Structure formats: structure tokens, C-alpha cells
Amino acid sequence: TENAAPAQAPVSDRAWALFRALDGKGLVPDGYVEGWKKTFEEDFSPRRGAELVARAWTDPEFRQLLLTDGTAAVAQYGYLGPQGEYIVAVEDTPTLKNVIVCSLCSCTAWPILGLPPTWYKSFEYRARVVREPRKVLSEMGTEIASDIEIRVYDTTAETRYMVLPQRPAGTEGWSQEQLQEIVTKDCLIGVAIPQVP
């Protein structure tokens, strides 16, 4: 039919065929894709960006390094990696809320945010948050007042971003571990604000 999908084998069969075609020719080192699967699942993680935020929240000197040379700050923790070699942290303020997207595909600071979630890669987010971020965040559960500028960072080149959210009231005196727990993946992407019990 007009506009109909092309015939295709099941995607699992195509993906493993690509693997076997290359592996059968000796082009994939032993344990290579298993190695990456483990890195993607276990090493790349938003718990790293949470650690960075909690440190910034309790150490003004580190907060200043993270906001002026995010790469160097992240490197002190050993968290540079693939899709996270040039880092810029953007700070929320009482009059500014930052949000990150890749409208052209899915670019994300993998090592400190984790691989992007399905929703971030959706056509809905990619199309809409650059033009109506206030409505998108509202639908997602985050109300941003009229008096706050929203700033959308579109990840179109090699800068890889993380949001430094504001530290919420009611966390005075918390330890870095307590603070880390309320900085979630969505806080680092910018669509959520850290929540205090």
C-alpha cells in the first residue's frame, strides 16, 4: 500500500545477524559486545551525576570548578568516558531553569547521566521541548512559574551537559549521601526538581 512499511525480518534476527556477520569474520574481539553491555548497564549511571551535584552543593570550591570547567571536575572523580569527554554543567537559579535535549537524535552525557531513557529519545520530546518546554515539563509533573526563564540546551555537537539543580530547602546539614539520594536522573536532565520528603 501507499506509505506502507517495508517487509523486514524480526528485529532480533536482524540485530543478531549483524553481530554474526561481523563476528564470523573475526572483526569482533572476544567478549567485546558483552564488555560494552556491562559498561552501559553498570558503569554509566545517573548515580555519578548525583554524586557530583551533592559535592557541588556542599563544597563551593568544587561547585565553581564544575560550573567553569566541568570536564576537569568530572575527571577528579574518574567519570569522563564515551559521550562524556567535554562536560558543561549548567546551573539553575531562582530565576532560571535549564533543560537538556538532543532534538536531532539522543545525545546525552552517558557516563554521568546513564544512557538516555526511551522518553528522551521520543519524537514527542525531541519535537516539543525546544518550542514549549514549560508545557512539556508541566505535563511531566514539573510546574515552572511564569517568573522563571526556561533555557533549553540542544545537544547538537560534542558538549555533553548536566543540570546542576537548586538545592532545596529542608536539606540543611544533610550529608553528601543524603543529598545524592534526592538527585535523580530526571533532575540531571532538567525535567525534574529534587524532592525533599
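Start at 1 and count along the sequence shown; that's the residue number.
159 to 167 and 56 to 64 differ in mean CA B-factor, and the higher of the two is recorded for 56 to 64. On average the C-alpha atoms of 87 to 95 have higher B-factors than those of the other stretch, with 122 to 130 and 87 to 95 being the two compared. By the numbers in the PDB entry, the CA B factor is greatest at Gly35 among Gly141, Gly35, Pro46, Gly70. Residue-level temperature factors show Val11 in the lowest third of its chain, judged at the C-alpha atom. Per the PDB record, residue ranking by Cα B-factor puts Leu179 in the highest third of the chain. Ranked by C-alpha B-factor against the other modelled residues of its chain, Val191 falls in the lowest third.
Placement of the Cα temperature factor of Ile150 within the chain: middle third of the modelled residues, per the deposited record.
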